[PDB]
Structure formats: C-alpha cells, structure tokens
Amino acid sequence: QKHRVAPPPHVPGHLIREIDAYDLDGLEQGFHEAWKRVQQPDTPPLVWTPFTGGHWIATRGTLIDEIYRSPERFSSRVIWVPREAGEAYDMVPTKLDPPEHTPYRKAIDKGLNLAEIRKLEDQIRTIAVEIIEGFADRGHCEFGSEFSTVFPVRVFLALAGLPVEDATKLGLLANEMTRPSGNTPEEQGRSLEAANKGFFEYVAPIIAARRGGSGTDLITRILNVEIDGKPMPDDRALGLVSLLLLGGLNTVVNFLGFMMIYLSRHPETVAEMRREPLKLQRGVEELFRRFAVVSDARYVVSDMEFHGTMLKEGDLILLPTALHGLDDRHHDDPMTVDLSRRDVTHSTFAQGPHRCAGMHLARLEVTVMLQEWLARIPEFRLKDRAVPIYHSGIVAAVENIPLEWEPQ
C-alpha cells in the first residue's frame, strides 16, 4: 500500500511525478537503470513526488552539482527523506552548514586526507589478498557475502581500531540509517531515530576512552583535534564518530557490488584493465561516475525560483547522484564504462563543503581491490540466469552476485 501526501499550493500538477526513492519503479532491472527511467528527454529539471512525505527530486546533473555547491540557499539542516527521518538524523559534520561545519571537517581531514590514506595502501592490499585467496582457486564465489561485504568492513574496522566481531551489529545499524524500515514517513522516522541512537550508544564508551588517548587509530587522531582551542564537545563527538563508521562500512560495500556486476558482464572491459595497469588506475574515477550509490537531500533556505521552479522555504530536494554521472547531457553513452573517457565529472561524492571526506580512501580501496582481484581471478562471469536483488534508498544496495571462473 502506497502512502501519499497532498501537494502544497505552490506545487503545480504538471510537476507531479509518482517516484518512490525507497522502492523505485523498475528496480528489479537495477538501481541505476531505475533512476534512469526518471530521466526522460523532456522531464522537468525539478519534479515533486507525493511519496516519502512529499519532496522534490532534481533530475539533471547540473542542478545536483549546483545544489550541493550552494549551502547558503540549500541547507544541510535536513538531508534525509522523509522529513521525519531527516529531522531525527544526528551525524556530524554532515548536519552542519558553514561556518559551523568547517572546523569539524578540518578535524576529519586530519585523519582522512590523501597523504594519510596513502600510508594505508599496504594494509588495505593485505586484507584484499587474504580474502581473495580464500576462494580464488575454487572457481566460484558469492561476491556479496564473500567479498564486497567483507573487504571494506575489515579495512575500516582495522583503521578505526575496532573489533571485527562488531561488523554485524554495525552493518545492521547502518542499513537502518540508509534504508529505514517502515511504509510510512512516521515509521521510517522512528526506524532512523532508533538506529542513530544505536550508533551513539556504541560510540560513547569509545569516545570516553580515546579522549586524550595515545592510540594511532583513526578515531583517536580525529577525536583529539581541537575545536576552537577546546576539546570537541560530547554531542558533536558522538555524531562525528558515528558518521565515520556509517561512511566507512556501507558506502564502498554497496558500490563494489554494482561495479562487479557490470564487470562480470563486460569481459572486454576487464581485459583492458588486465592488459593496461595504467588504464585500470586512471579508470577508477570512471567507475565512480558510473556506479553512484547515494541519493540524499537539501533543505530550501528561502522562498525562491530555481530553474524556472517555485520553491518554498522548508521544501526538501532529493539529489539522486546517479542522475549526474549518468546524465546523457553530461556524458555521451553514459551507461557504458569507457576507461579512456576524458570527462568523468559526477556527483558520486557530491560537491561543495560536504564533498566526501572519505573519497581518497574509497578510491584506494577500489584500486587495490581491482589490482588484487585481476591478479588472481583475471577472467570471470555472472552465473547463468542469476538475478541480483536490488534495493533503493538513501544508499543503494545489491545482493546475490554469484561469480564463476576457471581457476588459473
């Protein structure tokens, strides 16, 4: 049963589209394919859906890029749909606008900057190799449960100095954040609230122990960056450490599944990566253009007209980032991975002050994964007649990716 809200007076009927971000029409064919259905040659740049409490959707890459870059007009005070969930959302610095945002991003950058991430390469590689060698000789694996849900999680827990046995409970919380249970805005609001509270509960004792700590882990490093000459306050720290976990454990996991499904169906592309190691390294950004995973929102600051559309203060706009990288107006043949594409511009990591803090880590993890995968399993395919199961939400998800190959 579908829950609809009535459009407000300022929303004209010709802009209304029945789009359910948590259950996209056509989702069985793929998350990216389902979002692409929304982006027809003449659809308005901004459309409004009565689902998920009622909100706008930006349908073209230029709007998505622009909105991310304009925090003074499009605020981060709410970045989730439905509104109830977005209002319950308590993660730092992602809930913040400049200038409050900036010192917390600085703190994060102390741990996640490119020079720090480069130091992590060999530890990431070791984890990759270890997992891959578990099944490489076997000639088949279920890629989701045997690799994509394992690799980025072990990497991040190691980096964060946390026990790997916590993976399960943290993945469960993460999934209730990005796809909160419920068929109703109020239900989803509650689901998100309980998950966000679970993160705070888990993270509180760690914060208390690592304040002033001498650990070399990511949490200790970031926790102990001063904020305006003072220790980071408790409320902020809870939201900050929870966000680290949320970003580290869900994002790359999901991305890898979508990426691998495409690769398993395009051996010519795989062969190119295998024969030119530099095309692989240089081609990773094209993969990020092609396999966006995040669809989140911004809050309209003031009554305004934007791309010919009347917007009211408090309106939410969902930003399906796939609709930038896959916008046929930004990239010719957007659905094809072209490792040589010169222009790969995309919003897979968003734009503006919130542009992904973990993007260097995400690129390194993917780069190392492909290098170590192709070294040991150079050719592979999706099992015959296999059907991946897809989910849409704030972060896309996919499971059931049975791969097959001939042991080398």
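Residue indices: 1-based, along the sequence shown.
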*So 380-388 or 19-27, which one's hotter by mean CA B-factor in the entry?*
380-388
*On average, which has the higher Cα B-factor in the deposited entry, 255-263 or 187-195?*
187-195
*Per the coordinate record, which of the options 163, 86, 334, 239 holds the highest CA temperature factor?*
163
*Maximum C-alpha temperature factor, selected from 325, 111, 314, 213*: 213
*asked:* Could you place residue 309 in the lowest, middle or highest third of its chain by Cα temperature factor, using the values in the record?
replied: middle
*Considering only modelled residues of the same chain, in which third does the CA B-factor of residue 281 rank: lowest, middle or highest?*
highest
_Using the temperature factors of the C-alpha atoms in this entry, rank residue 121 within its chain: lowest, middle or highest third._
middle
*Thinking about Cα B factors across the chain, which third does residue 290 belong to?*
lowest
*Which third, lowest, middle or highest, does the CA B-factor of residue 135 fall in along this chain?*
highest
